[PDB]
Structures are given as C-alpha cells and as structure tokens.
Amino acid sequence: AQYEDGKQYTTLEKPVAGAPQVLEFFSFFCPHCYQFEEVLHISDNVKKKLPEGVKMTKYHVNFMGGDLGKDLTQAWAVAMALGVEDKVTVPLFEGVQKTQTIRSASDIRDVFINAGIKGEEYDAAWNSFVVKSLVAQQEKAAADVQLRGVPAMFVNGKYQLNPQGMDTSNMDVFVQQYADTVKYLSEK
Numbered sequence: 001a002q003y004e005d006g007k008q009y010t011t012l013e014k015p016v017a018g019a020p021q022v023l024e025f026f027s028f029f030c031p032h033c034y035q036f037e038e039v040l041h042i043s044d045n046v047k048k049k050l051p052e053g054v055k056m057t058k059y060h061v062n063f064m065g066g067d068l069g070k071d072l073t074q075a076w077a078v079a080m081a082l083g084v085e086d087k088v089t090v091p092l093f094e095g096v097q098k099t100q101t102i103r104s105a106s107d108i109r110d111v112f113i114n115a116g117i118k119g120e121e122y123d124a125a126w127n128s129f130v131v132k133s134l135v136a137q138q139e140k141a142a143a144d145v146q147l148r149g150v151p152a153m154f155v156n157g158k159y160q161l162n163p164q165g166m167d168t169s170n171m172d173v174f175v176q177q178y179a180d181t182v183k184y185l186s187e188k
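Residue numbers (PDB author numbering): 1 to 188.
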C-alpha cells in the first residue's frame, strides 16, 4: 500500500492508554532536534495539517546531556507552565548547540530573563509543585513508550513516526511527507 507499518511508521507492541493525541519528544542537546525545529520546522508543519480538534504536545527528555539535560527538562516545564515555549525554544537550542553559552541552570535562566520573563516569575515557577508535576508528566510519557531516542513522535500512543523510511533528498518534501504521515495516523 501507500502507508505501511514498518515503512513510514511503526506500531507499538504495547500501546499506551490515555496518551496525548500527537506527542513529540526532543532534547536541546539533540542535533537532529535542532534541525527539526530550526531548519525543518516539523512541529509547525504537522500542526498546519492536523484535523480540527487534535492538540499537539511536545516534551523534553532527560537522557541527553546529563545534569544539564535534567535542568533543561525542568526549564521546559517552566516554559509550558508560563506559556512561553515560542519565546525560548530558539534561544535555548542556539545557546546549547550554536553558541554553547548554556553550561548551567543559571545560563538557562538567563535565556528566559532575556526573553522578558521576570526573574521572580521564573524562580517561583522553577521551584513550584506545578512544575514538579509537569516534569513528572514529561518523564512518564517517555517511560510509557520506553523512549530511547529523539526526535520522536507518537500518535494516539499506538504509532511511532519512522522518518528514516522517507526520502531526504529535498528538505521540503521530507517535511510534508512527515506531516501527511502524522495526519494519516491521526485519522486512522
């Protein structure tokens, strides 16, 4: 057929109940994730093709970058709690991978300050139980799909995108294939 299990996607042997509809995992340490966000704009192109009533979720993961990787997962929780994802995603990617000016939790915080989040506001969120639970949600979701690599995307806790099974000749074409595949799975 056109879409085949094992070609553009794989099926989870052990489906995850109550999972987010579209669930993306990434790391600010992950070089392909940098590509996905900055060069390919994958999350954004998936969004534009999702049927009405399908929300998109993006979580950070711990298993890259050791101690900083965990700080980054908590900071992403801060970004989700404050609703400032779209203001910090690029400076965080660039601070970790481009300029390499993010080496500590303080440097992470600086990115938020520079993006206009107030210090007191950042620190209150950073230390909050709401952020603690948002960290736990991110960790639970990755654990539930036994996640070992990023970037990764899951549809309804049953399907896993399989980007290697798509031509990378043309960046634009890859992005639309990925997005159409998500839509197909979505409607399944």
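Think of the CB as a built atom: it goes at the ideal place given N, C-alpha and C, for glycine as much as any other residue.
- The three-state reading of DSSP puts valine 135 in helix, counting H, G and I together.
- Taking a contact to require three or more Cβ pairs closer than 8 Å, the region 79-87 and the region 108-126 qualify as touching.
- Shown here for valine 16: same chain residues with a beta carbon closer than 7 Å to its own, the five before and five after excluded, namely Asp144, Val145, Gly157 in chain order.
- Per the Cβ contact rule, the region 52-66 is in contact with the region 17-33 (3 or more Cβ pairs under 8 Å).
- Approximately 5 Å separates the beta-carbon atoms of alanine 179 and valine 46; this is inside 8 Å, confirming the contact.
- Within the model, the alpha-carbon separation for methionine 153 versus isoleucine 113 is close to 30 Å.
- In this structure, the beta-carbon distance from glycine 165 to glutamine 35 does not fall below 8 Å.
- With 16 or more other Cβ atoms from the protein chains shown falling within 10 Å of its own Cβ, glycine 95 counts as buried.
- A distance of 8 Å or more separates the beta carbons of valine 135 and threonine 89.
- Per DSSP, reduced to three states, the secondary structure at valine 54 is coil, with no helix or strand assignment.
- At a Cβ-Cβ threshold of 8 Å, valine 131 and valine 78 count as neighbours.
- Excluding residues up to 5 positions away in sequence, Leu40, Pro163, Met166, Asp167, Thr168 lie with their Cβ nearer than 8 Å to the Cβ of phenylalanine 174 in the same chain.
- A direct Cα-to-Cα measurement between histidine 32 and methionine 171 gives close to 13 Å.
- Taking C-beta separations shorter than 7 Å and ignoring five residues to either side along the sequence, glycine 18 has no partners in its chain.
- Annotated three-state conformation of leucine 161 is strand, per DSSP.
- In the three-state DSSP reduction, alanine 1 falls in the coil class, being neither helix nor strand.
- Within the region 71-111, the runs of alpha helix (DSSP H) at least 4 residues long that lie entirely inside it are, in chain order, 85-93.
- Per DSSP, the unbroken alpha helix (DSSP H) holding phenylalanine 174 starts and ends at 171-187.
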